[PDB]
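**Q** Protein chains in written order, with the UniProt record's numbering: chain A, 10 to 557; chain B, 11 to 225, 229 to 553. For each residue, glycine too, the CB sits at the ideal point set by N, CA and C. Structure incoming, see below.
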């Protein structure tokens, strides 16, 4: 009894809850009473809360429990998006929050902090948060979702496996309590397409009142891609991917990177680059990647999650994707994020604000955004030792042989951003909003998505600053200024300095890459709209209601 | 035209099935089955874990016909067994990507020189696992477990280690997964638990003998280890309020573990430092667990003789509902990078900039976990007190908010090795080894810019506070003894660094070298560890 306290405490709760269940199976109607039996005040409760898949029956039910029974819950959530997630704090059920992602436009978290109802632990990147689950955030309860369970608690999670294995294992092996909502219940393990979570990791399953919630978050409609996106995509391909021989990469989702994916088979083909760049991906199944897959550019994709409407296409492309012997995608957000850090040449994405040092954040005044995967994808991995050509291309040059052998490569981290945001606010600012948000919210650090010293390339509609080559912080600032347009930073640019930086190859304008702005048009896109993606997929892609 | 992998695999399963009972390969026919499932040029993952070896599969693979199996590309976390390198000598394998080398390091270099082994790269463990879904997608995985049922469900138990991270990439890309098991049972209910589900596994085989594992006797801890351990606890753990950590294995860190309950207790620090660990179940941690210092341990693997003690301490360790430890090397290394305050370890050589390696001339040693453990993780954003304590105050409030914390990375090394060779050198052996083996970088375990603390028997250099690269070098020289690096120190500079608190000798911390003896250890030998463990630890 000196060393079995966790085991004994869990056994008493299971014993009390079992009077309401049929073995592992909680009757759907009895979920609230069972939550009030299995959860204890002060518990660390992981709630999915995945970036895409939401255990929304469990989260809606948790928000209906009695706060005189369940209070001071410490929520651990990779992604905070559902309204009932924040209702937990308003209602006095939850008090503490550790998370990774939240929407950039919402004022709700900031307002709950100001009202004293929400206490932030810290904002994390995804796999950083998973890692704390075996150290100092060991979870007492995990609330997760899957497609199907048998009556032993074996779970099929399929294309939407996502975070679930990384969240469940820490609890399953520390006498935490694991509850999985499923869309369907079957009797025997042989009916499941496969077992993604073994029965011995699961304490209870419950059939959800309706299938688990999930939005199409990794689809960009080609019809909204503009010439400026195409121009920036051309410069990315010619001035970064080709220049450094990028074989493997992740794209942060947006119209800027969708244009890249959609002009590989046209502009990339015109440069003779098929099979020479962009072969291996860590990426969700972007519908905008379909033409690049169909024309043979894309050799492999490992996925953080699914994308709605892409499941049958993915199942019909098993040479490219990771699929089970049952046929369906197996995403794995922990494994994919790990590869995104250690195994790929390049990350490219966007941000809302960038200061004169290159520090980048999407937090703005009153809106405590979360990081998601961006910090893990957008840094130089200093534990990395294996060489690839792009990573070596970042290493110190001009040194003697000895010092060159002691220098190391760097991962490419590209900030690809227009000089002004949607709404007319400047991207480039003298001072990040994040600093004052840190003061207002009581955080010790400004919430920074990507630190300036981790950026190797700054790409705007004006050109590319090759920041990895800046010789001083003063030079770095002049190269940012050269591609910052008519923002406050851009208006400071010295024409003689900009000419010098272009002559030395530290800044490239479109003309320096052989690109005429009039060639950057929507006619370059392999697909102009969603219907075009369906055609490209041979009818396999089935657009969800958002894009129908 | 999009099912090529699926079709290729199916044809091989059909031929191999002529020799199997469903999933179960007969033990005597393993070689014929390997020659059927594996094809020349295949990328073959072979365990090969830091501890657990699928040595029946590796011995059998080394006995296959090189006219059938040649040009294999071996992907191996650890190259530990002699028959691993026999693969290259016999012309079965040609390319190698690996992380840890150990005693085969001398033979690795010899086979490179002979033209029989082509090195891809040396990796840290989780870096190698990450490539399995990008550019080293495996065609075959050869793994080991304790038990399988006749469906191919696997129990890996305390020795789970790398296996889930190795198997999943093949299981979901029409690779072929073969698992040797110590025992075969009929039904899944006869497994303690399922660690690897049957749909990830193509074949199992009962090994001819249990899978191979290899085993720090406290009797070999010296007074100088106790001295450095006292300085680590007083001058680093207490100073920075270290709550969570990893110890690189050695007598140096074993001394730390064993004087926490004595010296650390004398400092009043129980419960204030070293609560949460990413660590194997070191026998030398038993006293710190029994006396209440250790609140949690997550493990890369197990340790021999420690299974019954771990199962008897489920409040501390991660154990299944069946009762047994679940190690997870990928998960533990990830927490080692992102979730703990501190890493502390050693290397064989350190240069004047703090660059550190264990590669020496003619011995291509591996990295194992040390690069992943021994760097500042620049994707990390969450604060803890020790991580914040590394942040350099800015010129004002704004610049401090833009500054970031750092993970503590301690090099804990004696200035000379046993036998007389210096630890600190003007030039790492690793540079010429890179030239000899054809590597583009000197294989460096820990780069000097990642080091926050250099701890020697001469004291501690607080390198995280260094104002410049020149000051960093003077701080390294101050604690490098009479090595070539130490002889460069300017006495007026060393005196200033000590007065400013940037360098601390034992006297500056109030530690007398004559108090640093084996008498401070909580256990002096193996028998004491057994007693501390209430008889649960069973040494080999």
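So, residue 227 (chain B) versus residue 445 (chain B), is the Cβ gap smaller than 8 Å?
**A** Absent here is residue 227 (chain B), because the residues of chain B run from 225 on to 229 with nothing modelled in between.
**Q** Would you report the Cα separation of residue 114 (chain B) and residue 376 (chain B), rounded to the nearest angstrom?
**A** So the alpha carbons of these two residues sit roughly 8 Å apart.
**Q** Can you name, in chain order, every residue of its own chain whose Cβ lies under 7 Å from the Cβ of residue 69 (chain B), other than the five neighbours on each side?
**A** Correct list, in chain order: 93.
**Q** Distance cutoff 8 Å, beta carbons only. Does residue 300 (chain B) sit that close to anything in chain A?
**A** With 8 Å as the cut-off, residue 300 (chain B) does not count as an interface residue toward chain A.
**Q** Under a Cβ-count criterion, where at least 16 other Cβ atoms within 10 Å of its own Cβ denotes burial, should residue 482 (chain B) be classed as buried or exposed?
**A** Per the 10 Å Cβ criterion, exposed.
**Q** If you measure beta-carbon to beta-carbon, which residues of the region 124-140 of chain A are closer than 9 Å to chain B?
**A** Taking 9 Å as the Cβ-Cβ cut-off against chain B, the residues of the region 124-140 of chain A that qualify are 130, 131, 132, 133, 134, 136, 137, 138, 139, 140.
**Q** Taking Cβ-Cβ distances below 7 Å as the criterion, which residues of the region 370-386 of chain A are in contact with chain D?
**A** The structure shown contains no chain D; its protein chains are A and B.
**Q** Under 9 Å between beta-carbons, which chain B residues line up against residue 108 (chain A)? List them in chain order, please.
**A** In chain order: nothing, as chain B lies at least about 11 Å away.
**Q** Reducing DSSP to helix, strand and coil, say where residue 279 (chain A) ends up.
**A** DSSP places residue 279 (chain A) in helix when its eight states are reduced to three.
**Q** Alpha carbon to alpha carbon, how far is residue 450 (chain A) from residue 128 (chain A)?
**A** Between residue 450 (chain A) and residue 128 (chain A), the C-alpha separation is close to 9 Å.
**Q** Of the choices A:319, A:216, A:492, whose alpha-carbon is the least far from that of residue 363 (chain A)?
**A** Looking at the Cα atoms, A:492 is the closest of the given residues.
**Q** Please classify residue 119 (chain B): does DSSP put it in a helix, a strand, or coil?
**A** Correct three-state label for residue 119 (chain B): helix.
**Q** Using a Cβ-Cβ cut-off of 8 Å, state whether residue 274 (chain B) counts as contacting chain A.
**A** For residue 274 (chain B), the answer is no, since every Cβ of chain A falls outside 8 Å of its Cβ.
**Q** Can you tell me the Cβ-Cβ gap for residue 228 (chain B) and residue 55 (chain B), rounded? I've got them flagged as a contact below 8 Å.
**A** Residue 228 (chain B) cannot be placed in this structure, since chain B goes from 225 to 229 without the numbers between.
**Q** Tell whether a beta-carbon distance below 8 Å holds between residue 168 (chain B) and residue 325 (chain B).
**A** No.
**Q** Could you work out which residue in A:45, A:196, A:201, A:143 is closest to residue 9 (chain A) when comparing CA atoms only?
**A** Because chain A is modelled from 10 through 557, residue 9 (chain A) falls outside the range shown and cannot be assessed.
**Q** Starting from the Cα of residue 447 (chain B), find the closest Cα among A:552, A:473, A:412, A:442 and give me that residue.
**A** It is A:412 whose Cα lies nearest to the Cα of residue 447 (chain B).
**Q** Is the region 267-276 of chain A close to the region 251-258 of chain A, with three or more CB pairs under 8 Å?
**A** They do not touch, by the three-pair rule.
**Q** Relative to chain A, which residues along the region 161-189 of chain B have a C-beta separation below 8 Å, given in chain order?
**A** The residues in question are 175, 178, 179, 181, 182, 183, 184.
**Q** Using beta carbons (cut-off 8 Å, strictly below), is residue 14 (chain A) in contact with chain B?
**A** Chain B contact via Cβ: present.
**Q** Roughly how many whole angstroms lie between the Cα atoms of residue 345 (chain A) and residue 77 (chain A)?
**A** Cα to Cα, the separation comes out at about 41 Å.
**Q** What does residue 485 (chain B) touch in chain A if you count any residue whose Cβ is under 9 Å from its own?
**A** Neighbours of residue 485 (chain B) on chain A: none; closest Cβ ~14 Å, over 9 Å.
**Q** For residue 48 (chain A), tell me which candidate among A:184, A:532, A:164, A:236 has the shortest Cα-Cα distance.
**A** The shortest C-alpha separation from residue 48 (chain A) is found at A:184.
**Q** Verify whether the separation of the beta carbon atoms of residue 343 (chain B) and residue 139 (chain B) is less than 8 Å.
**A** Yes.
**Q** So residue 333 (chain A) and residue 98 (chain B) are supposed to be a Cβ contact under 8 Å. How far apart are they, rounded?
**A** Not confirmed; about 34 Å, so no contact.
**Q** Quick check on residue 43 (chain B) - is its C-beta less than 8 Å from some C-beta in chain A?
**A** Chain A contact via Cβ: absent.
**Q** Any beta carbon of chain B sitting closer than 8 Å to that of residue 149 (chain A)?
**A** Judged by the 8 Å Cβ criterion, residue 149 (chain A) is not in contact with chain B.
**Q** Closest by CA to residue 486 (chain A), which one among A:367, A:74, A:154?
**A** Comparing Cα-Cα distances from residue 486 (chain A) to each of A:367, A:74, A:154, the minimum goes to A:367.
**Q** Could you pull the start and end residues of the alpha helix (DSSP H) that residue 139 (chain B) belongs to?
**A** Here the alpha helix (DSSP H) through residue 139 (chain B) covers 135-141.
**Q** Have a look at the DSSP bridge pairing and note the partners of residue 320 (chain B).
**A** Its beta-bridge partners do not exist; DSSP assigns none.
**Q** How is residue 100 (chain B) classed by DSSP in three states: helix, strand or coil?
**A** Coil at residue 100 (chain B), not helix or strand.
**Q** Listing by chain order, which chain A residues have their CB less than 8 Å from the CB of residue 326 (chain B)?
**A** Within chain A, the residues near residue 326 (chain B) are 12.
**Q** What's the gap between the Cα of residue 284 (chain B) and the Cα of residue 301 (chain B)?
**A** Spanning the two alpha carbons is a distance of roughly 11 Å.
**Q** Check whether the Cβ atoms of residue 203 (chain A) and residue 165 (chain A) sit closer than 8 Å, and answer yes or no.
**A** Going by C-beta atoms, residue 203 (chain A) is nearer than 8 Å to residue 165 (chain A).
**Q** Whose C-beta lies closer than 7 Å to the C-beta of residue 276 (chain B) among residues of the same chain, with five residues either side of it excluded?
**A** Hits under 7 Å: 243, 246, 533.
**Q** If you run the structure through DSSP and keep just helix, strand and coil, what is residue 522 (chain B)?
**A** Helix, per DSSP.
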